[PDB]
């Protein structure tokens, strides 16, 4: 079975470099032409390069032209992509695929990608490792529908993705609903978690949100507590 895996950089500063590898398995590499294909997030597939079976020649996409380099080691069984001069447009997931043909693409014939493989992400950004300012989003007294309450944590202004927001050292589940991040103008992200709980419960229990932003190494615990407004929630149980 054809097994294609890439293994290459993630976040870099615009003007820096990466080197994507891609090792193959299941087939005789040195017989097939290989492609590199990227895909910026929520856009289509974009082709980046092709290299012949024997690497005698190799083509690039206008964009990538002259910055990027498709290299191939028929020996170790690996396809490379040397990305110099990384621009913020370079962002996205980089795939390596196989040309199912006779090892080039021409005016006679071009099979194109038959098997692809997984993808490895790269983010070029002018934007540096910033730790989450976690501000607790506190529950109101204002009575919603009768669908009880919902309280949360705003995990604001970080970099890069991802962040890990568990509830009550992870005792608390599936009330929980942590949204996808917005990528803000800043070049910095923000997520939110909302644990939707019975209005009843609000004030008997101790909801504490445990946020973890590995790349800053930022472990922040935050109590999410009701407004002194709520007497019906804040006052002692009569």
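Residue numbers count along the first chain shown, from 1.
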{"query": "125 to 133 or 108 to 116, whichever carries the higher mean Cα B-factor", "finding": "125 to 133"}
{"query": "Mean Cα B-factor comparison, 35 to 43 or 189 to 197, giving the higher one as deposited", "finding": "35 to 43"}
{"query": "Identity of residue with top Cα B-factor, from 160, 139, 103, 92", "finding": "160"}
{"query": "Given 169, 184, 204, 69, the residue at which the Cα B factor reaches its maximum", "finding": "169"}
{"query": "Third of the chain, ranked by Cα B-factor, where residue 238 sits", "finding": "highest"}
{"query": "Modelled-residue ranking by C-alpha temperature factor, third containing residue 77", "finding": "lowest"}
{"query": "Residue 58 CA temperature factor, ranked by third within the chain", "finding": "lowest"}
{"query": "Ranked C-alpha temperature factor of residue 144 among modelled chain residues, by third", "finding": "middle"}
{"query": "Chain thirds of CA B-factor: placement of residue 211", "finding": "middle"}
